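Visitor: model the following, please.
(one chain, ligands or ions: 1)
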Amino acid sequence: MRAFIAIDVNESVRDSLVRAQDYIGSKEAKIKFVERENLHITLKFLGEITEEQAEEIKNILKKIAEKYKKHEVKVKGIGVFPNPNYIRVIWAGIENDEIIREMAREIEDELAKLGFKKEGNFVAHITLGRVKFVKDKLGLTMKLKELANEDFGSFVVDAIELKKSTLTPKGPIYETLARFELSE
Ligand SMILES: [Cl-]
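Guide: Numbering: from 1, shown residues only. Shown next is the protein structure:
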């Protein structure tokens, strides 16, 4: 299966983010926006894995998920990847993700033991969309800059989820394979 580990947002942040997506629109650029139900914080893309590996991972996530207490985070600002001059991923950042950053590192090193490749510097983020090609660069850049410091709201990081993704014609469908609530 195709799988990944994620932290999900709440409705208010979700409503706020969709409206922001609608504001960015499709004039400055051709963008595949993430579906409302797929907006989350990716802790780690696992690529193709077996049901059997899926289980090993669950047991590790549970021993890690309990070592961290639930906290509130704030979704703020719009960032672009790779560069402001080479824009492909439009994303919303997180106001203080050190605890989230620390979780990601512990998940990364633990799964590395199983033969999993590590990843680039982790930046806690919620991808809002991906640019297929730019139409009007001045427009996009100015549109995005007006959202540089936007405060979209906050939610409570309360669980860690292992998910399965299935690619369908126009959209990837996600399925929660397991959820591990954090401590208190
Ligand atoms: Cl990506």
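Visitor: residues touching residue 40, list them.
Guide: For residue 40, the contact set (CB atoms under 8 Å, 6 or more residues apart in numbering) comprises 6-9, 126. C-beta here means a position set from N, CA and C on the backbone, and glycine is covered the same way.
Visitor: dump those into TSV; add distance to residue 141, neighbour count and secondary structure as well.
Guide: Output for those, formatted as TSV (distance: CB to CB, whole Å; neighbours: other CB atoms under 10 Å; DSSP: H, G, I helix; E, B strand; the rest coil):
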residue	distance to residue 141	neighbour count	secondary structure
6	29	20	strand
7	30	23	strand
8	30	22	strand
9	26	23	coil
126	21	22	strand
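Visitor: and the spatially most central residue of the chain, what does it touch?
Guide: When CA atoms, centre = their mean is applied to the chain, the residue found nearest the centroid is residue 41 (2.7 Å). The contact partners of residue 41, taken as CB under 8 Å, 6+ apart, are 6-9, 94, 97, 100, 124-126.
Visitor: for residue 65, which non-adjacent residue is closest in space?
Guide: Nearest residue to residue 65, sequence neighbours excluded (CB to CB, 6 or more residues apart in numbering): residue 180, at 3.6 Å.
Visitor: now stretch 160-171: how far from the chain's centre is it?
Guide: Put simply, stretch 160-171 sits 13 Å off its chain's centre (CA atoms, centre = their mean, to the nearest Å).
Visitor: in that stretch, which residues are buried?
Guide: Neighbour-count burial for stretch 160-171, counted by 16 or more other CB atoms under 10 Å, picks out 160-165.
Visitor: if I look at the nearest residue to residue 33 once chain neighbours are set aside, how far off is residue 106?
Guide: Among residues not flanking residue 33 along the chain, residue 129 sits closest, at 4.2 Å (CB to CB, 6+ apart). Computed as CB to CB, to the nearest Å, the residue 129 to residue 106 distance reads 29 Å.
Visitor: just to revisit the earlier point, from the buried residues of stretch 160-171, which is closest to residue 33?
Guide: residue 165 (16.6 Å; CB to CB).
Visitor: now do the contacts for that closest one.
Guide: For residue 165, the contact set (CB under 8 Å, 6+ apart) comprises 2-4, 172-175.
Visitor: repeat that for 6 Å
Guide: Residue 165 makes contact with 2, 172, 174 under the criterion CB atoms under 6 Å, 6 or more residues apart in numbering.
Visitor: please name the residues that touch the last one.
Guide: Okay, so that is residue 174. 38, 163, 165.
Visitor: just send those residues back as a markdown table, with secondary structure too.
Guide: Shown next, in a markdown table, are these (DSSP: H, G, I helix; E, B strand; the rest coil):
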| residue | secondary structure |
| --- | --- |
| 38 | helix |
| 163 | strand |
| 165 | strand |
